[PDB]
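Next up is one chain by itself, shown in structure tokens, the form deposited in one PDB entry.
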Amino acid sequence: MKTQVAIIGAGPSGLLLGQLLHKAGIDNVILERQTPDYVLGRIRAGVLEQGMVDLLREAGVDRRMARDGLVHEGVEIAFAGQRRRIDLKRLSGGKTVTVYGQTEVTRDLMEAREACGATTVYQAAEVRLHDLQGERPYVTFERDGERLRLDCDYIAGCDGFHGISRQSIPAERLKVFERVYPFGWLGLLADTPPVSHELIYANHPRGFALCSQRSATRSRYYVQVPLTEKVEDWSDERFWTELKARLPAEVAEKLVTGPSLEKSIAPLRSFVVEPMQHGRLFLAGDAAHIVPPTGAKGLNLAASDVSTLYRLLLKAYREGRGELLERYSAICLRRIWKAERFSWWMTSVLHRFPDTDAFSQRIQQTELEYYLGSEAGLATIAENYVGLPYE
């Protein structure tokens, strides 16, 4: 085998780049370690900004989304006492966000692909990247116990956080910026009516609480917990009381509980890599950067990454401007940091930090009461929450 752009990872990022390119007439090849249902089982994401939406539209993958995802013109911040709302739609000067699961997106790209007959090597083991700065790089992998070769012009490093991509870059060439938070998020999935027609982010003494959704009958809920917690310990019951123990009084009494489909804990990490390239290797999505799930920016960053990588592969491909690919990481990085800054900010103000003296606690509160109180303040949550312009 030989192809044009061999992609590693059959996740959101990978499957997006993969589709987009197929349409542009640039042959691509997806290499994935696990099987398609395994990948299909991951819950993750739920909010996509307009950009990821239009992109979806652009790979012709928006039939379902346009039909089942929900449009949201607001959000809520419930901080010790009250509950303020943010008119994203008005303060963003017209924008919004969509609630449509990572899973759904994944199932949707996966359908498109199979249908177009684009290649996808599932369960491809021992993937390896070769001759990275040459005129012809390659990928070696195993099918059963058969080690094959895929010749390509470029490689799309889309294998996520624990992917092999980034690793393939000479450590000395890469500079790392990472922050690790002393807490996690315990996420319970319930086949029950969600507490609100909008999202409610709750900063409460006992920690953060999040009320989110999947449908009129599908809710997603979260509670911040020490890294030391084990879900084995969090039974439906415990969770339900802890949630209610964390929400606004009039919310909790409106709350419909039930057995959980899935329960998992995700640890909050802040991570960035610069540069995001190496030779003929371009890493995108999880493999280049991570964001605490708080500003729901994670899957939104991949889209921004892929939208970029794609449009540059096009020029080199149909317009022969191979040269622009060098600016890949200069472009992506502008977006990333402002996205990293917003989620950091988010996180710091809605979370229960252990070992914070009274000033800092007073300052946490002032942030909330400053920002949800002033229109200019408001406008900042809004231009970011909905997503900064693409460039």
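Shifts are known only where both forms have a C-alpha. Basically, rigid core = biggest C-alpha set you can superpose within 1.5 Å across the two forms. Residues carry their position along the shown sequence, with the first being 1.
The form deposited in another entry exists for this protein as well; it is not shown, and the discussion that follows is about that form.
Undergrad: With the core superposed, a Cα shift of 2 Å or more between this form and the one not shown singles out one residue among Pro275, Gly258, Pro193, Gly279. Which one is it?
TA: The only residue crossing the 2 Å threshold is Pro193.
Undergrad: By the 2 angstroms cut-off, has the C-alpha of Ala249 moved between this form and the one not shown once the rigid core is superposed?
TA: After core superposition, the displacement of the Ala249 C-alpha between this form and the one not shown reaches the 2 Å mark, so yes.
Undergrad: How does the CA gap of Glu250 and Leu199 change in that other deposited form versus this form, closer or farther, if it moves 3 angstroms or more?
TA: Result: closer.
Undergrad: With a C-alpha distance change of 3 Å or more, do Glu250 and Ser219 lie closer or farther in that other deposited form?
TA: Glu250 and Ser219 sit closer together in that other deposited form.
Undergrad: For residues common to both forms, which consecutive runs of 3 or more show C-alpha displacement of 2 Å or more between this form and the one not shown upon rigid core superposition, listed in sequence order?
TA: After superposition, residues 192 to 195, 249 to 253, 262 to 266 shift as runs.
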